[PDB]
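Engineer: Shown below is the structure under consideration.
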C-alpha cells in the first residue's frame, strides 16, 4: 500500500500521531502529571478517530 | 472444444455449478449452513463479508 | 457428524468385530491398520482418524465375564484396533449389579474417548436382548449414558431372542431390558433369531455354524443401514433425520428391517420394492398395520422409473395400513458401495414402524405372567434380592409394557387423538 | 545487542555446560576453542569474540559448595572456556547469608566482565528453584544485580520443583525465591520437573539417568528460545521486544514453554500449531485462560499457508481465553539452524502468559501454610535466626504472593480495570 491511496496518507498520519506520542512519553518517565493531560487527551481521542477510519471499508 | 475442456476445465465448471451453486454436493453446503447459523440469525447490518470469507476458507 | 460405536455382550462383540472387518475390507485399508493405496468413501465417522495411517476404530470393548472376546483379541486384525477399553451370571439382576459397581471407571473411559472426539451424533450399541451376561449390565450402562448426555441420540442394534418356547429366566431378562429400551433408549432396531434361523435353514442345511452366517447377514444389514451415513449423503445422512419419520411419538420408536436377497444357496426398482413389501423379506415374523414406512435403495438407477415404481406400489395397494394420519412410504437413495464386488447391484432395505411386534411382546406378556403365577422362574437369588426385595420393578416394568401395548393398539386405530 | 550469561546452582551449571557444548557443536568451532573451517550464524552474543580463535564463552562460574562443578571443570572442552570467575547448606537463609558475605568480590568479577563488554541487553540466569545451595545465594545476587543495573533486563531459566509431595523445607525456599523472582526479576521462564519426568518416562523406561535427558530437553528449549536472537533476526531479536507482548503488567510476567517433538523413543504449520495448543505439548501441567500467547516457528516454510494456519486456529477456537483485551496469538519465525542435522525440520515453540500456574502457586500456598501451622519445617537454625529473627519476611513473602494470586484472578476476569 505504498501505492498512492487514501490508506497511504492514513498510515502516514498514524505514524505522525505515534511519533508525537513517543515524544510525549519520553520526558514523563513515571506517571505523575506534569500538565501532560491535555496533549494526552488529544492523542487518545485521535487514536479512536483514526481507528474509526479502518471501519470505512469493512466488507 | 479439446483445448477448452483441458486448459480452462470447461467440464469441471459444469460439475461444480450444480454441485456447489445448486447444493448437488450436499455435504459441504450443509456443513456450511451449519457453521453459518449463529452469524446469519443476527440482524445482518452488524455482519460483514470478512467473517464469511473467514468461515468459508475453513470448511472448504 | 460423527457417531461413537459401543459394543457389549457376546453376540454384540462378535457382530462388532465382523462389522469392523467388513469395513476394513470395504475401505482402503489393510489388517495392520495401514491405509491402502488401492482406492464415495468416508472413514471419519466410525474410525478415529489421524495422519498416522492407523485409523483406530471407535469401539468400546466392554463385556462381562469374557470368553469369546479373548478369541477375538488374538487375531490377524488386532494390529488395526487397540483403543484400550478392555475390561474383565446369566441373570438380569446379577449382570445389572456387576455393571453397577464398575460403571464409574468405564464411564471415565467413555469420557476419555468423548473428550478426544470433537463432534457426536449418537451412541450405537452392539447388544443382545436377554443375552445373560450382556443384559442387566448393558441396561444399566445404557441408563448411565442416557442420563449423562441428554442432548444426544441413542441407537441400539439388538436381536430379540426367539427360539419358539428352554430358558426359564429369559422373559424376565428380556422384559426388564425392554423396559429400559423404551424409557432409557429412543432408537431400537429389532431383529428376530428365528426368522434369520429359518432363512439360514432355507439357503443351507446347517445348524452348527449358524451364528457365523447370522453374523454375516446382520453385518450386511448394519452396513446398509449406515451406508448413507458413511457414504456421502445429503438426505437424512443424520440418524435423527432418518428415524424422524418412523417415530411419530417417543413411545413408539421400533423398526423392523427388510432385505431383498434372502436365500441364494427385470431388476428394476418396481420389482425390488414389490419384493420388499412381502413379509418373507421382513426379518421379524385382527390385522396389524404400519404407522410409517421408510426405505433406502442402493444401486445404479433412473428417476422416472422410481416415479412409476412408487406409483405402481400405490395402485397395487399391497401395503394396506390405516393408522390415522397422512404419512407415506418414503423412498430414499444411498450410494452403492465401490471397492468390493457385491451381488444384487440393486439392493433395497426398509425400516418401518409396525404394530405386529406388539404380538411378539404379548408372547412375553403371556409367558412371564404364567411364570409369575408359578414363581419358580425368577430363580430368586441374592442378586435378585439386593436388586429389588419386593420385585416391584417387575410390576413397574409390566405396567410400562402394558401402556406400550395400549399405545400400539390406539396407534393402529384411526383415533390416536384419544388418550387413555 | 549482546547478552551476558550467568550460571549458578548445580542443575544450572549442568545445563549451562550442556548448552555451551550444544552451541560449540552447533557453530563452527572445535572443543579447543579453535574456530573451525567447516562453515546464518552469529557467535558474538554469548561468546567473547577476539581475533584470537578462542571465543571465550560469557558464563560466570559461580556456585556454593561445588561438587558437580569439579567434574565439569576437568573436561575435554575445558580448553575452550576459561574466563576466571570460579569460586568456592541446603536452606534458603544459609545460602543467602553465604552469598551475602562474598557478594562484593564476585560483583567485582561481574564488573570486570561488564567493563570488557561494550553493549548489554540482559543477564540470563541458569538457576534451580529451591535447589538448596543455589537458592538463597542466587536470590541475593539477583537482588544485587537488579539493584546495580536499573537500565537492564533480567531473565531467568529456572525449573520449578515438582515431585508431587519429601523435602520439608522446599516450600519455604521456593516461596522466598519466588518473592525475589517477582519483585527483583522481570522475565521468568517456568518449567516443571514432573512434566519432563513424565515425558522422559514416556519415551524411555529409565529413572536413573533422568537428569541427563532432562538436561538435553531443556537445552534444546533454551537454544530454540534464543535462536532468533543468536541467528540473524529482525522481529524481536531483542529480549524486550519478545516478552513485551507476553507481559501486560509488570507483576504478571511468567512464561510456559511448548515444543512439538515430545516422545519419539502433513508436516504443515497448521498441523504443528494445532499440535502446540494441546496441553501435552506444554511443559507445565474453574477454567484458567491465557492472557497473551506468542509462538515461534523454525523451518522451511510458505506464507500463504501460515495465513490459512492461523485462520484455521481462529475458526477452530481451540484456544479459548477471554482475558479482557484485544491481544492475539502471535506468530513469529526464526531461522532453522544449519551446520547440524536435526529431526523435525519444522519445529515450533510457544511462550505465553497463562493463569494455570496460579494453581501451582496455590499448591505451595497450601503446603507452606500447613507447615506454618505446624512449625517443624522451617528447621529453625542460626542462619534462619540471623536472616530474620521474627520470620516476618515469610509474612511479607506470603502477602506478596497473595497479591499475585489476586492479580492472576483479576487478570482472568473481563475486568482488570478494577483494582483491589
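Throughout, chain D uses Swiss-Prot numbering, with the displayed residues spanning 3-41, 45-93, 101-177, 180-279, 287-306, 313-447 in order.
Cβ coordinates come from backbone N, Cα and C, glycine included.
Grabbed the feature section from Swiss-Prot, which reads as follows:
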- D:131: phosphoserine (MOD_RES)
- D:142, D:143, D:144, D:145, D:146, D:147, D:148: GTP binding site (BINDING)
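So that I understand the layout, could you describe where these features sit and how close they are to other parts?
Structural biologist: DSSP gives residue D:131 (phosphoserine) a coil state; it is part of no helix or strand. Residues near residue D:131 (phosphoserine) in space but far in sequence (CB under 8 A, at least 6 apart, same chain), listed by position: D:3, D:4.
For residue D:145 (GTP binding site), applying a Cβ distance below 8 Å and a minimum sequence separation of six or more within one chain yields D:11, D:12, D:68, D:69, D:70, D:101, D:102, D:107. According to DSSP, residue D:145 (GTP binding site) sits in a coil region rather than a helix or strand.
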Engineer: List the residues of the same chain that sit at least 6 positions away from residue D:148 (GTP binding site) in sequence and have their Cβ under 8 Å from its Cβ, in sequence order, or write 'none'.
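Structural biologist: Once residues fewer than 6 apart are set aside, residue D:148 (GTP binding site) is near D:103, D:104, D:105, D:106, D:107, D:108, D:109, D:110, D:111, D:187, D:190, D:191.
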Engineer: Under a criterion of Cβ-Cβ distance under 8 Å and sequence separation of at least 6, what residues of the same chain contact residue D:144 (GTP binding site)?
Structural biologist: D:101, D:102, D:103, D:107, D:187
Engineer: For the binding-site residues D:143, D:146, which Cβ has the most other Cβ atoms within 10 Å, all shown protein chains included?
Structural biologist: D:146
Engineer: Counting across all protein chains shown, how many other Cβ atoms sit within 10 Å of the Cβ of residue D:147 (GTP binding site)?
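Structural biologist: So the number of other Cβ atoms within 10 Å of residue D:147 (GTP binding site) is 31.
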Engineer: List the other residues in this chain whose Cβ sits within 8 Å of the Cβ centroid of the GTP site residues D:142, D:143, D:144, D:145, D:146, D:147, D:148, in sequence order.
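Structural biologist: Close Cβ neighbours, site residues excluded: D:11, D:69, D:102, D:104, D:107, D:140, D:149, D:150, D:187, D:191.
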Engineer: Can you give me the same-chain residues 6 or more apart in sequence from residue D:142 (GTP binding site) with a CB-CB distance under 8 Å?
Structural biologist: D:104, D:173, D:181, D:184, D:187, D:188, D:191
